[PDB]
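File shown here: start-v2.cif, holding mmCIF, C-alpha atoms and all ligand atoms.
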```cif
data_final
loop_
_atom_site.group_PDB
_atom_site.id
_atom_site.type_symbol
_atom_site.label_atom_id
_atom_site.label_comp_id
_atom_site.auth_asym_id
_atom_site.auth_seq_id
_atom_site.Cartn_x
_atom_site.Cartn_y
_atom_site.Cartn_z
ATOM 1 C CA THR V 26 1.456 -13.910 -14.552
ATOM 2 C CA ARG V 27 4.357 -14.826 -12.211
ATOM 3 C CA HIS V 28 4.473 -17.394 -9.440
ATOM 4 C CA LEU V 29 6.564 -16.180 -6.543
ATOM 5 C CA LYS V 30 7.439 -17.331 -3.040
ATOM 6 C CA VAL V 31 6.967 -14.889 -0.164
ATOM 7 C CA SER V 32 10.052 -13.940 1.835
ATOM 8 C CA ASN V 33 10.554 -11.513 4.713
ATOM 9 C CA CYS V 34 11.935 -8.080 3.781
ATOM 10 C CA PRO V 35 12.724 -6.197 7.018
ATOM 11 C CA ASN V 36 15.329 -3.793 5.562
ATOM 12 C CA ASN V 37 14.009 -0.249 6.096
ATOM 13 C CA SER V 38 14.647 0.834 2.497
ATOM 14 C CA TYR V 39 11.776 -1.499 1.623
ATOM 15 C CA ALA V 40 9.834 -2.196 4.823
ATOM 16 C CA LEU V 41 8.928 1.495 5.296
ATOM 17 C CA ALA V 42 8.221 2.217 1.631
ATOM 18 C CA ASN V 43 5.229 -0.154 1.410
ATOM 19 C CA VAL V 44 6.457 -1.840 -1.747
ATOM 20 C CA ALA V 45 6.722 -5.365 -3.081
ATOM 21 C CA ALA V 46 10.416 -6.245 -3.333
ATOM 22 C CA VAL V 47 10.953 -8.112 -6.606
ATOM 23 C CA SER V 48 13.817 -9.422 -8.718
ATOM 24 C CA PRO V 49 14.648 -7.282 -11.764
ATOM 25 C CA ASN V 50 13.891 -10.253 -14.021
ATOM 26 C CA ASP V 51 10.433 -11.000 -12.626
ATOM 27 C CA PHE V 52 8.889 -7.533 -12.899
ATOM 28 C CA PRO V 53 9.941 -4.056 -13.974
ATOM 29 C CA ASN V 54 10.554 -1.466 -11.259
ATOM 30 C CA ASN V 55 7.919 0.909 -9.883
ATOM 31 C CA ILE V 56 4.837 -0.575 -11.576
ATOM 32 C CA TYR V 57 1.618 -1.853 -10.051
ATOM 33 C CA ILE V 58 1.207 -5.593 -9.524
ATOM 34 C CA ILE V 59 -1.654 -7.550 -7.987
ATOM 35 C CA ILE V 60 -1.115 -10.648 -5.872
ATOM 36 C CA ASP V 61 -3.659 -13.484 -5.702
ATOM 37 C CA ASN V 62 -6.194 -11.302 -7.531
ATOM 38 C CA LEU V 63 -6.639 -9.063 -4.498
ATOM 39 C CA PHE V 64 -3.541 -7.301 -3.191
ATOM 40 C CA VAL V 65 -2.047 -4.421 -5.137
ATOM 41 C CA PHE V 66 1.447 -3.096 -4.491
ATOM 42 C CA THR V 67 3.977 -0.958 -6.292
ATOM 43 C CA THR V 68 7.093 -2.912 -7.218
ATOM 44 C CA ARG V 69 10.670 -2.203 -6.243
ATOM 45 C CA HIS V 70 13.696 -3.910 -7.693
ATOM 46 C CA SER V 71 16.125 -5.587 -5.314
ATOM 47 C CA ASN V 72 19.409 -7.251 -6.233
ATOM 48 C CA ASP V 73 19.361 -9.221 -2.969
ATOM 49 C CA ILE V 74 16.110 -11.035 -3.711
ATOM 50 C CA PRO V 75 16.209 -14.456 -5.485
ATOM 51 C CA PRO V 76 14.475 -14.491 -8.881
ATOM 52 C CA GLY V 77 11.176 -16.229 -8.214
ATOM 53 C CA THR V 78 10.604 -14.738 -4.777
ATOM 54 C CA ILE V 79 8.831 -11.604 -3.580
ATOM 55 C CA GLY V 80 9.621 -9.765 -0.349
ATOM 56 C CA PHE V 81 7.131 -8.228 2.055
ATOM 57 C CA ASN V 82 7.345 -6.874 5.593
ATOM 58 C CA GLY V 83 5.347 -8.483 8.407
ATOM 59 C CA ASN V 84 2.291 -6.262 7.993
ATOM 60 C CA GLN V 85 1.975 -6.780 4.243
ATOM 61 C CA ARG V 86 2.154 -10.550 4.812
ATOM 62 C CA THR V 87 -0.494 -10.333 7.515
ATOM 63 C CA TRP V 88 -2.677 -8.405 5.068
ATOM 64 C CA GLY V 89 -2.291 -10.968 2.306
ATOM 65 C CA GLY V 90 -2.546 -13.834 4.769
ATOM 66 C CA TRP V 91 0.758 -15.147 3.421
ATOM 67 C CA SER V 92 3.172 -17.239 5.454
ATOM 68 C CA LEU V 93 6.893 -17.453 4.658
ATOM 69 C CA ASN V 94 7.650 -19.370 1.448
ATOM 70 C CA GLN V 95 3.942 -19.440 0.580
ATOM 71 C CA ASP V 96 3.532 -19.565 -3.158
ATOM 72 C CA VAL V 97 1.691 -16.583 -4.569
ATOM 73 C CA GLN V 98 0.374 -15.369 -7.951
ATOM 74 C CA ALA V 99 1.437 -11.972 -9.263
ATOM 75 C CA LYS V 100 0.344 -9.996 -12.312
ATOM 76 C CA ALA V 101 0.944 -6.527 -13.715
ATOM 77 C CA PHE V 102 -2.010 -4.405 -12.588
ATOM 78 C CA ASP V 103 -3.955 -1.847 -14.661
ATOM 79 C CA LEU V 104 -6.087 0.415 -12.455
ATOM 80 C CA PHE V 105 -8.059 1.871 -15.344
ATOM 81 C CA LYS V 106 -8.872 -1.627 -16.547
ATOM 82 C CA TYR V 107 -9.841 -2.532 -12.996
ATOM 83 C CA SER V 108 -12.056 0.373 -11.931
ATOM 84 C CA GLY V 109 -12.150 2.817 -14.849
ATOM 85 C CA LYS V 110 -12.706 6.454 -13.861
ATOM 86 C CA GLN V 111 -13.259 5.890 -10.112
ATOM 87 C CA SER V 112 -9.492 5.466 -9.816
ATOM 88 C CA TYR V 113 -8.265 8.187 -7.484
ATOM 89 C CA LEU V 114 -8.416 8.566 -3.740
ATOM 90 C CA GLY V 115 -10.473 11.534 -2.622
ATOM 91 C CA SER V 116 -9.988 10.532 0.992
ATOM 92 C CA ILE V 117 -8.607 7.721 3.086
ATOM 93 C CA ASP V 118 -9.222 6.907 6.764
ATOM 94 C CA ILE V 119 -6.425 5.222 8.629
ATOM 95 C CA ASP V 120 -6.250 3.423 11.953
ATOM 96 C CA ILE V 121 -2.775 4.223 13.282
ATOM 97 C CA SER V 122 -0.982 2.795 16.303
ATOM 98 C CA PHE V 123 2.537 2.391 17.676
ATOM 99 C CA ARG V 124 4.294 -0.724 16.406
ATOM 100 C CA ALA V 125 4.484 -3.551 18.972
ATOM 101 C CA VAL V 133 2.265 13.746 20.289
ATOM 102 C CA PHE V 134 -0.485 12.992 17.749
ATOM 103 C CA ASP V 135 -0.199 15.383 14.811
ATOM 104 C CA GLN V 136 -2.838 14.721 12.128
ATOM 105 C CA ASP V 137 -1.471 17.248 9.630
ATOM 106 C CA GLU V 138 2.090 15.999 10.007
ATOM 107 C CA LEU V 139 1.136 12.333 9.804
ATOM 108 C CA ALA V 140 -0.790 13.162 6.631
ATOM 109 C CA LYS V 141 2.212 14.930 5.069
ATOM 110 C CA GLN V 142 4.507 12.016 5.818
ATOM 111 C CA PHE V 143 1.943 9.637 4.322
ATOM 112 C CA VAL V 144 1.751 11.555 1.057
ATOM 113 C CA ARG V 145 5.534 11.936 1.088
ATOM 114 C CA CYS V 146 6.203 8.239 1.432
ATOM 115 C CA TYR V 147 3.353 6.793 -0.592
ATOM 116 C CA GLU V 148 2.201 9.270 -3.231
ATOM 117 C CA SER V 149 1.064 7.506 -6.434
ATOM 118 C CA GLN V 150 0.680 4.236 -4.587
ATOM 119 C CA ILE V 151 -2.596 2.361 -4.731
ATOM 120 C CA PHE V 152 -4.451 1.710 -1.493
ATOM 121 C CA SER V 153 -7.574 -0.182 -0.581
ATOM 122 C CA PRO V 154 -9.673 -0.741 2.548
ATOM 123 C CA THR V 155 -8.233 -3.411 4.896
ATOM 124 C CA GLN V 156 -4.691 -2.765 3.649
ATOM 125 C CA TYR V 157 -2.134 -3.079 6.450
ATOM 126 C CA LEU V 158 1.196 -1.249 6.190
ATOM 127 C CA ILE V 159 4.089 0.112 8.235
ATOM 128 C CA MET V 160 5.000 3.784 8.290
ATOM 129 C CA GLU V 161 7.841 5.525 10.052
ATOM 130 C CA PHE V 162 7.206 8.924 11.565
ATOM 131 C CA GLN V 163 9.810 10.954 13.415
ATOM 132 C CA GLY V 164 11.843 7.985 14.615
ATOM 133 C CA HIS V 165 8.824 5.855 15.444
ATOM 134 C CA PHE V 166 7.255 2.987 13.541
ATOM 135 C CA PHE V 167 3.479 2.716 13.276
ATOM 136 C CA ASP V 168 1.037 0.141 11.998
ATOM 137 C CA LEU V 169 -1.465 1.611 9.575
ATOM 138 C CA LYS V 170 -4.688 -0.132 8.659
ATOM 139 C CA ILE V 171 -6.715 1.452 5.881
ATOM 140 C CA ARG V 172 -10.209 1.639 7.325
ATOM 141 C CA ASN V 173 -12.061 3.056 4.356
ATOM 142 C CA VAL V 174 -11.541 4.868 1.097
ATOM 143 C CA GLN V 175 -13.524 7.322 -1.016
ATOM 144 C CA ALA V 176 -12.769 6.563 -4.645
ATOM 145 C CA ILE V 177 -13.373 9.367 -7.125
ATOM 146 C CA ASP V 178 -13.123 10.355 -10.751
ATOM 147 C CA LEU V 179 -10.962 13.483 -10.796
ATOM 148 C CA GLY V 180 -13.285 14.694 -13.546
ATOM 149 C CA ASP V 181 -16.222 15.105 -11.170
ATOM 150 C CA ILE V 182 -16.753 18.038 -8.820
ATOM 151 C CA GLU V 183 -17.848 15.517 -6.203
ATOM 152 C CA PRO V 184 -17.719 11.760 -5.585
ATOM 153 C CA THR V 185 -20.451 9.747 -7.264
ATOM 154 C CA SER V 186 -19.679 6.724 -5.115
ATOM 155 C CA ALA V 187 -19.913 6.442 -1.357
ATOM 156 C CA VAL V 188 -17.167 5.733 1.188
ATOM 157 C CA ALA V 189 -15.937 2.169 0.604
ATOM 158 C CA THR V 190 -14.910 -0.438 3.170
ATOM 159 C CA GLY V 191 -14.193 -3.381 0.885
ATOM 160 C CA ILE V 192 -10.810 -4.410 -0.479
ATOM 161 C CA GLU V 193 -12.303 -4.355 -4.005
ATOM 162 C CA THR V 194 -12.249 -0.577 -4.131
ATOM 163 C CA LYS V 195 -8.751 0.582 -5.050
ATOM 164 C CA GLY V 196 -7.472 4.102 -5.626
ATOM 165 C CA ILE V 197 -4.293 6.082 -6.255
ATOM 166 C CA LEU V 198 -2.992 8.336 -3.482
ATOM 167 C CA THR V 199 -2.462 11.923 -4.698
ATOM 168 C CA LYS V 200 -1.335 15.121 -2.961
ATOM 169 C CA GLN V 201 -5.014 16.109 -2.875
ATOM 170 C CA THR V 202 -6.213 12.987 -1.058
ATOM 171 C CA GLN V 203 -7.750 13.855 2.289
ATOM 172 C CA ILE V 204 -6.098 11.673 4.904
ATOM 173 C CA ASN V 205 -7.853 10.990 8.185
ATOM 174 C CA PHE V 206 -5.994 9.293 11.020
ATOM 175 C CA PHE V 207 -7.426 7.634 14.074
ATOM 176 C CA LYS V 208 -5.238 7.217 17.144
ATOM 177 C CA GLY V 209 -5.489 3.471 17.299
ATOM 178 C CA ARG V 210 -7.523 1.964 20.106
HETATM 179 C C1 LIG W 301 13.913 -7.163 1.244
HETATM 180 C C2 LIG W 301 14.475 -6.746 -0.107
HETATM 181 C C3 LIG W 301 15.977 -6.576 0.177
HETATM 182 O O1 LIG W 301 16.849 -6.403 -0.651
HETATM 183 N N1 LIG W 301 16.172 -6.648 1.546
HETATM 184 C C4 LIG W 301 17.480 -6.469 2.173
HETATM 185 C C5 LIG W 301 18.254 -7.772 2.319
HETATM 186 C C6 LIG W 301 14.993 -6.893 2.233
HETATM 187 O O2 LIG W 301 14.890 -6.880 3.443
HETATM 188 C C1 LIG W 302 8.893 6.125 3.724
HETATM 189 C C2 LIG W 302 8.781 7.640 3.851
HETATM 190 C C3 LIG W 302 9.383 8.199 2.617
HETATM 191 O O1 LIG W 302 9.338 9.367 2.260
HETATM 192 N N1 LIG W 302 10.068 7.175 1.952
HETATM 193 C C4 LIG W 302 10.879 7.315 0.731
HETATM 194 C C5 LIG W 302 10.414 8.386 -0.274
HETATM 195 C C6 LIG W 302 9.866 5.944 2.558
HETATM 196 O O2 LIG W 302 10.397 4.899 2.229
#
```

Write the structure described by the file as structure tokens, please.
Amino acid sequence: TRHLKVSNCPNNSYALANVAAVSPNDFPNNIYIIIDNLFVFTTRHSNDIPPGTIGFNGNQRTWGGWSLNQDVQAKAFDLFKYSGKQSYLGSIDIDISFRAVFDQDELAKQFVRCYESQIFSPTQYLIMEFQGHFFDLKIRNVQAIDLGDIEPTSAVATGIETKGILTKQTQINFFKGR
């Protein structure tokens, strides 16, 4: 369990990849970590981030309710341990809007391309680039499933407690924001 200070990470290599920028000596690269017992992100090493700090873009900070320099608690995250079999995303509904032509199929491809294997949960706020434009994505709801079942046993979830891994078979539903 690490204690890290939140810093802004606007560089597009990170800001568009929806990752938690960490120092190589705080966490290994590309693993799941959970912040403040609620927010799960995939890690990404950065040599330009002070050991003891963790970088997030504006949307991720808004989601966690973290202000700059705010101390935060981070721990390696084990999805199985957390939710057992109901660990994969069967579907995910996203509220999408232009950052401060609507193609559902293309937006979905880009989403899987950029975030496959990442964990998502309702309420999660992230930034995604699509054909030269930046968009704010808010995960509205999720449908967690056990890949072993021919159909979901659980209902569509709206709470941040339900977390699931994005796969190439996850149905992605976008909603032209407001
Ligand atoms: C966050 C992580 C990183 O290395 N950068 C570039 C300076 C960020 O924006
Ligand atoms: C966002 C979109 C994408 O494909 N990447 C890298 C694989 C991003 O960072």

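Counting all atoms listed in the file, the residue from V:44, V:139, V:189, V:56 that sits nearest to ligand LIG 301 (chain W) is V:44.
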
Just say which residues the PyMOL selection byres (((not hetatm)) within 9 of (chain W and resi 301)) picks in this file, as a JSON list (two decimals) with C-alpha atoms, keeping the file's coordinate frame.
```json
[["chain", "number", "residue", "atom", "x", "y", "z"],
["V", 32, "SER", "CA", 10.05, -13.94, 1.84],
["V", 33, "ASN", "CA", 10.55, -11.51, 4.71],
["V", 34, "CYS", "CA", 11.94, -8.08, 3.78],
["V", 35, "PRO", "CA", 12.72, -6.20, 7.02],
["V", 36, "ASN", "CA", 15.33, -3.79, 5.56],
["V", 37, "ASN", "CA", 14.01, -0.25, 6.10],
["V", 38, "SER", "CA", 14.65, 0.83, 2.50],
["V", 39, "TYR", "CA", 11.78, -1.50, 1.62],
["V", 40, "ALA", "CA", 9.83, -2.20, 4.82],
["V", 45, "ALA", "CA", 6.72, -5.36, -3.08],
["V", 46, "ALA", "CA", 10.42, -6.24, -3.33],
["V", 47, "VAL", "CA", 10.95, -8.11, -6.61],
["V", 69, "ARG", "CA", 10.67, -2.20, -6.24],
["V", 70, "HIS", "CA", 13.70, -3.91, -7.69],
["V", 71, "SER", "CA", 16.12, -5.59, -5.31],
["V", 72, "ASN", "CA", 19.41, -7.25, -6.23],
["V", 73, "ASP", "CA", 19.36, -9.22, -2.97],
["V", 74, "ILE", "CA", 16.11, -11.04, -3.71],
["V", 79, "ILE", "CA", 8.83, -11.60, -3.58],
["V", 80, "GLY", "CA", 9.62, -9.76, -0.35],
["V", 81, "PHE", "CA", 7.13, -8.23, 2.06],
["V", 82, "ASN", "CA", 7.34, -6.87, 5.59]]
```

Exercise for the section: Can you turn the PyMOL selection byres (((not hetatm)) within 9 of (chain W and resi 302)) into a concrete residue list for this file, as a list in words? Expected result: residues 37, 38, 39, 40, 41, 42, 43, 44, 142, 143, 144, 145, 146, 147, 148, 159, 160, 161 and 162 of chain V

Exercise for the section: Could you check how far CA of residue 65 in chain V sits from CA of residue 152 in chain V, in Å to one decimal? Expected result: 7.5 Å

Exercise for the section: For CA of residue 195 in chain V and CA of residue 60 in chain V, determine how far apart the two atoms are, in Å to one decimal place. Expected result: 13.6 Å

As JSON, please: the centre and edge lengths in Å, to one decimal, of an axis-aligned box enclosing every listed atom of range 195-205 of chain V with 4 Å added on each side.
```
{"center_x": -5.0, "center_y": 8.3, "center_z": 1.0, "size_x": 15.4, "size_y": 23.5, "size_z": 22.4}
```

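One distance worth recording is that between CA of residue 105 in chain V and CA of residue 91 in chain V, which is 26.8 Å.
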
Practice task
Return as number ranges by chain the set of residues that the PyMOL selection byres (((chain V and resi 95-99) around 12) and not hetatm) yields on the displayed structure.
Solution key: V: 26-33, 45, 47, 51-52, 57-68, 77-81, 86, 89-94, 100-102

Problem - Polymer residues at most 10 Å from residue 177 in chain V, all atoms listed in the file, same-chain spacing of 6 or more positions, as a list in words - result: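 Everything that qualifies: residues 110, 111, 112, 113, 114, 115, 116, 183, 184, 185, 186, 187, 188, 196 and 197 of chain V.
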
Practice task
Please identify all polymer residues lying at most 6 Å from the point (-1.9, -3.8, 1.0) (file coordinates), using only C-alpha atoms, and present the result as a PyMOL selection string.
Solution key: chain V and resi 64+85+156-157

Could you pull the residues within 10 Å of residue 134 in chain V, counting all atoms listed in the file, minus those fewer than 2 positions along the same chain, as a PDB file with C-alpha atoms, in the coordinates of the input?
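The resulting part31.pdb:
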```pdb
ATOM      1  CA  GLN V 136      -2.838  14.721  12.128  1.00  0.00           C
ATOM      2  CA  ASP V 137      -1.471  17.248   9.630  1.00  0.00           C
ATOM      3  CA  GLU V 138       2.090  15.999  10.007  1.00  0.00           C
ATOM      4  CA  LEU V 139       1.136  12.333   9.804  1.00  0.00           C
ATOM      5  CA  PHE V 206      -5.994   9.293  11.020  1.00  0.00           C
ATOM      6  CA  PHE V 207      -7.426   7.634  14.074  1.00  0.00           C
ATOM      7  CA  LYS V 208      -5.238   7.217  17.144  1.00  0.00           C
TER       8      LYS V 208
END
```

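For the set V:141, V:192, V:54, V:154, the residue with the smallest atom-to-atom gap to residue 169 in chain V is V:154, counting all atoms listed in the file.
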
Exercise for the section: Considering only C-alpha atoms, state which residue in the set V:178, V:84, V:133, V:149 is at the smallest distance from residue 165 in chain V. Expected result: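 Checking each candidate against residue 165 in chain V, we get V:133 as the closest.
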
Handout entry: Distance criterion (all atoms listed in the file): nearest to residue 88 in chain V out of V:55, V:170, V:106, V:124
Key = V:170

Write out as a PDB file with C-alpha atoms, in the coordinates of the input each polymer residue whose atoms come within 7 Å of residue 190 in chain V, counting only C-alpha atoms; drop sequence neighbours fewer than 5 positions from it.
```
ATOM      1  CA  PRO V 154      -9.673  -0.741   2.548  1.00  0.00           C
ATOM      2  CA  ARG V 172     -10.209   1.639   7.325  1.00  0.00           C
ATOM      3  CA  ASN V 173     -12.061   3.056   4.356  1.00  0.00           C
ATOM      4  CA  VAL V 174     -11.541   4.868   1.097  1.00  0.00           C
TER       5      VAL V 174
END
```

Practice task
Measuring atom to atom with all atoms listed in the file, identify which of V:203, V:87, V:163, V:194 is nearest to residue 140 in chain V.
Solution key: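 Distance minimum relative to residue 140 in chain V lands on V:203.
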